[PDB]
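Asker: Just to be clear, this is only the beginning of the complex, oriented as in the whole thing:
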Amino acid sequence: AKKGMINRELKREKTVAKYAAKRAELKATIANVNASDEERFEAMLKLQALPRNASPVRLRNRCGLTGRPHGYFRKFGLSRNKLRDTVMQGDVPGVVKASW
Amino acid sequence: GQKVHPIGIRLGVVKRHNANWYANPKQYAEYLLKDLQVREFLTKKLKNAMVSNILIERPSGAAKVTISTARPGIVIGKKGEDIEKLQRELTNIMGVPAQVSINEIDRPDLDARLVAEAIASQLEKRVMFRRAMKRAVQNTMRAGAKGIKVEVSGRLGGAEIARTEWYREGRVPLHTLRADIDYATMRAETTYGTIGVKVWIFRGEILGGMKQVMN
Amino acid sequence: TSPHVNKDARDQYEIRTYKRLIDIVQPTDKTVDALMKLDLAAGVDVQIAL
């Protein structure tokens, strides 16, 4: 991937980490029954007023080695191209060729 | 056609893994990434130390890296100063204290990685590729190997059309899963591009299975 | 396995997680101390519950 895309993902991750507590508090207040309807509406507006990158749906899993955005395999954190190379030379513990 | 990786196909038969630790699904990815970073840093830092195998282990909240080298003196230092450094940067890269252990290779000519690195370094100095392959094969066969195969691919000798050459002496039974085959790949960067080098060394079959390999 | 396009050319990998259970009853005073003094082998995770 281009270096700009990797820096973009890094920036989005940092923003998500920064705004994590306030967003959780806002959603809890929204889902709080005991709070007044006015309070819930104000919390909804506050949650809608956050920066877009604060939301975690805009994060895309990329290969930890090359930044490829397709074929991720969350368990290893590597795209398929690097996963094949690293597995077949013995650097991934416990992974072997499967036959049955 | 294409050929399977000689170590990958034997990883569960007569070969061990270069990584030996356990992690739950949450920590597995983080551990793997830090291990790969450690391997890359070590490979970059110890080019001239004849380093072949790096084994990473995580016993319990710590790290242990075993480095197999043919020049333990360069890795260790005149008073062991460099091992303290290596531990410092490895503890920085990982998140746990790390111990560095040294494993001397007393037969450098039976190690596939070192032979490939020697051939690549020679090719990077405009040495004739046929001469380099023949010398490497002769030295390995004299060191007591049962067979060796060496292959070079690319713009050999500066030619505009790339081609693949290979030379072999002895036996290399790749289809036998219990054969002890060491395999290595290394690239040499010349002014005309990249030349790939592949080395296979056969050291005899392994009888008794993985149980006798003592997994 | 191919860099660009061969959907039927794939490598199939597996990883297995083995689990063992051990029960110790009527432990002698030396038992807990010896178990804690036992070394930690790499590649095996050990959990103890009292």
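Answerer: Cool, got the structure. Residues are numbered from 1 along each chain as shown, chains lettered A, B, ... in the order given.

Asker: Identify the residues contacting the most centrally placed residue in chain A.
Answerer: Geometric centre of chain A, nearest residue: residue A:59, 4.4 Å, by CA atoms, centre = their mean. Listed by CB atoms under 8 Å, 6 or more residues apart in numbering or on different chains, the contact partners of residue A:59 are A:9, A:12-13, A:16. Heads up, the C-betas are built off the backbone N, CA and C, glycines and all.

Asker: Of these, which belong to strands?
Answerer: Counting by DSSP state E, no part of the contacts of residue A:59 is found in strands.

Asker: Turn the residues you listed into TSV, including distance to chain B.
Answerer: What follows is these, written out as TSV (distance: CB to the nearest CB, whole Å):
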residue	distance to chain B
A:9	15
A:12	19
A:13	14
A:16	18
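
Asker: Quick one: name the residues of chain B near chain A.
Answerer: With CB under 8 Å from any CB of the partner chain as the criterion, chain B comes near chain A at residues B:5, B:7-9, B:11-12, B:15-22, B:25, B:28-30, B:32-33, B:35-36, B:39.

Asker: Now narrow those to whatever sits close to chain C.
Answerer: B:20-22.

Asker: What about the residues you listed, which one has the most neighbours?
Answerer: In terms of neighbours by other CB atoms under 10 Å in any protein chain shown, these top out with residue B:21 at 23 neighbours.

Asker: so who does that residue touch?
Answerer: For residue B:21, the contact set (CB under 8 Å, 6+ apart) comprises A:93, B:31, B:56-58, C:42-43.

Asker: and chain D on top of that:
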Amino acid sequence: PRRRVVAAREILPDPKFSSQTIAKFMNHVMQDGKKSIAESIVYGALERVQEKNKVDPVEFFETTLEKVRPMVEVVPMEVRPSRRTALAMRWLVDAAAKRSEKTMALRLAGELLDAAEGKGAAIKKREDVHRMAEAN
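Answerer: Chain D goes in next, on the same frame as the chains above:
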């Protein structure tokens, strides 16, 4: 198969009458693994013909199948004993479907009863076959 000659598969007799002819007829009737439905149809037909005429179902079925059984097929060629039974069951299956009784078991029982006395659509099919056969 060019070189290898393959043995013919051996099938088990049906649990009720121990008749491989009944088992093979059930196999011909069955679609996409619904052997239970095939058994229901065949056993219902046999019970129906038995209550109509007090005669052993195995004997009645074999006599009727021999009656419908072709010595030649359809452009004439020759056939072997196995093909004879295969084609007899094949032609017997369809006419029951084109009949008009409310259930397949009743339809097949009626078709067998009509073919036994010679006024059956399978009998007409065999007649077409042999009146085609004398052409050559």
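
Asker: The contacts of residue B:21 again please, this time with chain D.
Answerer: With contact set as CB under 8 Å, 6+ apart, residue B:21 has these partners: A:93, B:31, B:56-58, C:42-43.

Asker: To which secondary structure element is residue B:73 assigned?
Answerer: Element membership for residue B:73 (DSSP states H and E) is helix B:72-76.

Asker: can you tell me if the next helix or strand after that helix touches chain C.
Answerer: Counting by DSSP H and E, the element after helix B:72-76 in chain order, helix or strand, is helix B:81-93. No. On the criterion CB under 8 Å from any CB, helix B:81-93 is out of touch with chain C, staying 15.9 Å away.

Asker: List every C-alpha atom in helix B:81-93, with coordinates, as CSV.
Answerer: What follows is helix B:81-93 as a C-alpha-only set of coordinates in CSV (Å, rounded to 0.1, in the frame of the first residue of the first chain):
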residue,chain,number,x,y,z
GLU,B,81,29.4,-5.9,25.6
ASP,B,82,27.4,-6.6,22.5
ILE,B,83,25.2,-9.2,24.0
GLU,B,84,24.1,-6.7,26.6
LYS,B,85,23.2,-4.3,23.8
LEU,B,86,21.4,-7.0,21.9
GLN,B,87,19.3,-7.7,25.0
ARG,B,88,18.6,-4.0,25.4
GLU,B,89,17.2,-3.5,21.9
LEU,B,90,15.4,-6.8,22.0
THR,B,91,13.7,-5.8,25.3
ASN,B,92,12.8,-2.5,23.6
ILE,B,93,11.3,-4.3,20.6
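
Asker: helix, strand or coil for residue B:207?
Answerer: Secondary structure, DSSP: H, G, I helix; E, B strand; the rest coil: residue B:207 is coil.

Asker: Extend the structure above with RNA strand E:
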RNA sequence: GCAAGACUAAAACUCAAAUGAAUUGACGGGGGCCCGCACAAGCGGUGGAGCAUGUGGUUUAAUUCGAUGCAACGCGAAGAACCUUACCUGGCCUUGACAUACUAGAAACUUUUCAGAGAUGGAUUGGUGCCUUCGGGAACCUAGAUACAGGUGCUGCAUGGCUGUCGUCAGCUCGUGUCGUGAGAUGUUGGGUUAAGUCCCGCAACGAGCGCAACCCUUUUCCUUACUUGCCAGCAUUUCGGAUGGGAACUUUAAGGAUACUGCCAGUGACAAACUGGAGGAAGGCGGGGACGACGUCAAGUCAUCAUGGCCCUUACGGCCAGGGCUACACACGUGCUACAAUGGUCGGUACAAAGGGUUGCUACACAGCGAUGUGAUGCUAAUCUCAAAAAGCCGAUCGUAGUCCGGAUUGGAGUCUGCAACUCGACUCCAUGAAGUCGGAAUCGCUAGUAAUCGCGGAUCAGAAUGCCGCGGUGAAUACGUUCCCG
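Answerer: So, slotting RNA strand E in with the rest:
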């Protein structure tokens, strides 16, 4: 010489070759031999319909870029509302979002606001941190300067690495002797047999190595160890629920082992390799399946995973943002899903799996709703709790061949959930509507047994979004006379 022409017969100029025989390979619209779901024999599909998905074309501001006979077309993509995103419109930055090298200043940061579509810009708070030889150095930020950074821009026909294909096709090589002036040849050659250059007889040759087979995984029978979170044969108590005391038998779980070797018996081949039949045995001649792909072919595929020679841009072909597009639509093709019904539709009652997933997760149970779902609440970091209802199946009733009580496209209305946000462009629920379709031309595809056919279940990707892909089990067939013909 009637003629057509015959006979005798040069030079200028031009090239560094033109030739003969034999050797190795390659090729042939030359020959011979064999094998393969190649054809035959069967079962079920496609081409016809509606919808899903990919492609061509057309359209567009853009419809981003690759893959193109078999071997591209549910392909990269294991999952495009924003993001992804690479494309378009418009708004912005320029040593840069990111590295090293130099010169200085600043803890880093932190609270409220305003303008703006946002990128950005302007005000406004609090903090002012760490180590010391403490005269400054560690982190992070800001400012200036130039070598540079950056480029999913071009060349896969300059490359590495990786992959497809012939094709699981059966071949490919080496030593000492002999023959030839020589390049080279012999060995690998013929007769049987085999999945096999597998093996045996023949053979100026004898011997090897890699290919084949085996070693590896899984399934079928038995044994040992192990007895919980799993099991319940015997005993006892039962709230009749392994629920409880209890048992270690059985099922299972999962490590290590045993067993099959033509071993035995009866004939053949040849006096062999082999072949045929029988008993025992869970299994008999390779028991089934997976992984493993020889020397080589196609300037095959990938500079858009990555690396890399060369070329090109540098206030732009680099970088940031909001909206749009990749989802268009007179058409054509590929791969699929659902049907056309009675071996079926609907309704009521009632049985039997395997494998896999679960802590920002799966959820018992109760209440509310017709429902998607919501609220409260419980167990589970799991042989412990949970997803979970298996479905086809069996019993009973009804429908009685109708475009139907078949089919479920399309459209109107009303909702739930994920998400900052479902207009372009999500999934699901309810009411209403009820299209084509009555078995599909020339032609064409898959499959030889727990297979085809049919039925349900799970996972990767993933906030949400599978008829695709990768797996799991249930029910469970038909036919193979044979090698003419078609293909390789």
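
Asker: Which strand or helix spans the residue nearest the centre of chain D?
Answerer: Taking CA atoms, centre = their mean, the centroid of chain D lies closest to residue D:89, which sits 2.6 Å from it. Using DSSP H and E, residue D:89 sits within helix D:81-98.

Asker: Return the set of buried residues in that helix.
Answerer: By 16 or more other CB atoms under 10 Å in any protein chain shown, the buried positions in helix D:81-98 come out as D:84-89, D:91-92, D:95-96.

Asker: ok so, going back, residue D:25 versus the residue nearest to the centre of chain D, what's the distance?
Answerer: Per CB to CB, to the nearest Å, residue D:89 is found 5 Å from residue D:25.

Asker: wait, what's in contact with the residue nearest to the centre of chain D?
Answerer: Neighbouring residues of residue D:89 by CB under 8 Å, 6+ apart: D:24-25, D:28, D:65.

Asker: switch to 6 Å and redo it
Answerer: By CB atoms under 6 Å, 6 or more residues apart in numbering or on different chains, the contact list for residue D:89 reads D:25, D:28.

Asker: does the most centrally placed residue in chain C count as helix, strand or coil?
Answerer: Most central in chain C under CA atoms, centre = their mean is residue C:44, positioned 4.1 Å from the mean C-alpha point. Residue C:44 carries the three-state label coil when classified by three-state DSSP.

Asker: Name the SS class of the closest residue to it other than its chain neighbours, please.
Answerer: Leaving aside its sequence neighbours, residue C:44 sits nearest to residue B:22 (CB to CB, 6 or more residues apart in numbering or on different chains; 6.4 Å). Of the three states, residue B:22 takes coil under three-state DSSP.
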